[PDB]
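Next comes just one chain, in C-alpha cells: the form deposited in one PDB entry.
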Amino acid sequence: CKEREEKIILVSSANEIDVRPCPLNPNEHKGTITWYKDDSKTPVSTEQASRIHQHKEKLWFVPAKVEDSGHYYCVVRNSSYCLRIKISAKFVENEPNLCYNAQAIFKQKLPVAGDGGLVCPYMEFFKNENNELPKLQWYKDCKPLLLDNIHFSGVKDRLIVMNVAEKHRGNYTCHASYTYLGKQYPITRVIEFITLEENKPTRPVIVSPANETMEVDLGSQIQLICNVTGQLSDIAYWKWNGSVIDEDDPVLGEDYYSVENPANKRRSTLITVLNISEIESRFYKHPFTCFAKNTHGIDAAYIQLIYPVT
C-alpha cells in the first residue's frame, strides 16, 4: 500500500444523518470498499443498527455528533493496488439563535431580474427513498418560504427564486427527513445567496474601420486598427476577402488588446491590430473587414485599400 489525499473537508452539521462515500474516479469496482477509524483501527462497525458504521460502500453517521469530527480512511485494493484514502470530516453545532453554522455554508449566486435556481447540496444519498429525493422545505434566515410558484418554486433539490432581486440575498436552508431503518432523521444545508448584476445583452460598437478607403503604396507595409467599444467578452477580429487571417500567414498578422473602462465596463475598448508587411496587388481588390461579435450578433465595418491618386 501507498497513500491518497482529499484536502477538501466537508463540514456537515451534528444532530442529523450523514454519509461519506469514498472518491473513486473512473475506476471503482464493487468488491474493495472498506472504512477505518481514527489513527488506523478496525472497519468502523458493519451493523446497520450501530452508530458510526459502513453499509453499502458508504460511511453513515445515524445521528452524527461533534466528537465524530475527525480523520477517517477507506481502502481500495481489488487485485493489489492498495493506497488507503484519507478523508477528514467535521461536524458542527448550530450557532446561537441560528438554525445553522456559517462554517457549513455553500456560496451560490444568481443574476438579478431573472428566474434562477439554488441547489441543496449532497442530497444524492438521501435520494434513495425508492429513488425519490425527499420533499424539501425551504427557509431564508430561518423563516419559512411559501412555495407558491409565484415567488418561489421547489422541484427536487432546487429552489427556483422567481425574478431575483437584491432583496433575495441571505442564508437559505433546505430541509429533508430521511427514513433509515424505520426511524426518520433530519437533514439541512445552508446556502449563502449572493445576487449578480443583471446580464443585459448589448451589441458592440465598431468605432474605427467605418466602411472607408485608404491610399497605400503598392510595396510598403501598413497597420490597420479596429477599435470596438463594448464589453471585454466581446471580440474584434479581421477577415479579408471572406477569410480569417491565418496564424501561419506570411504578410498578415493580428495583435489583440483590451482595456477595461473603470467607469462602465460595458463601454470598454477592444483593439485589434492588423499588420500588413508587404501590400500586394490583391489587397486592392477586396476590403479588409472588421468584426465585432458576441452571442447576440455581429457588427461589420471595412477598410478598402486603394492606390494613391496621381
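Residue positions are given as counts along the sequence shown, with the first one as 1. Here, rigid core means the biggest group of C-alpha atoms that superpose within 1.5 Å across both forms. Shifts are known only where both forms have a C-alpha.
Per the records, residue 80 is among the residues left out by at least a third of the other compared entries, whereas the shown structure includes it. Stretches compared: 169-177, 129-137. Higher mean C-alpha B-factor in the entry: 129-137. Checked against the record, the higher mean CA B factor of 47-55 and 237-245 lies with 47-55. Note on the listed residues 22, 11, 290, 19: the highest Cα temperature factor in the record is that of 22. The top Cα temperature factor in the record, among 264, 42, 281, 272, falls on 42. Ranked within its chain, residue 100 lands in the lowest third, by CA B factor from the PDB record. Residue 208 sits in the middle third of its chain by CA B factor, as recorded in the PDB entry. Placement of the Cα temperature factor of residue 62 within the chain: highest third of the modelled residues, per the deposited record. Split the chain's modelled residues into thirds by C-alpha temperature factor. Residue 182 is in the highest one. In the deposited entry, the Cα temperature factor of residue 90 places it in the middle third of its chain's modelled residues.
Beyond the structure shown, there is the form deposited in another entry, which is absent from this document and is the topic of what follows.
The Cα position of residue 50 differs by less than 2 Å between the shown form and the other one after fitting on the rigid core. Residue 104 is not among the residues whose C-alpha shifts by 2 Å or more between the shown form and the other one once the rigid core is aligned; its shift stays under 2 Å. Whereas the displayed form keeps them at a certain spacing, the CA atoms of residue 112 and residue 188 lie at least 3 angstroms closer in the other form.
Panel note: the distance between the CA atoms of residue 159 and residue 112 is smaller in the other form than in this form, the difference being 3 Å or more.
Displacement of the C-alpha atoms by 2 Å or more across three or more consecutive residues between the shown form and the other one, following core superposition, is confined to the runs 27-31, 108-116, 164-166, 197-310.
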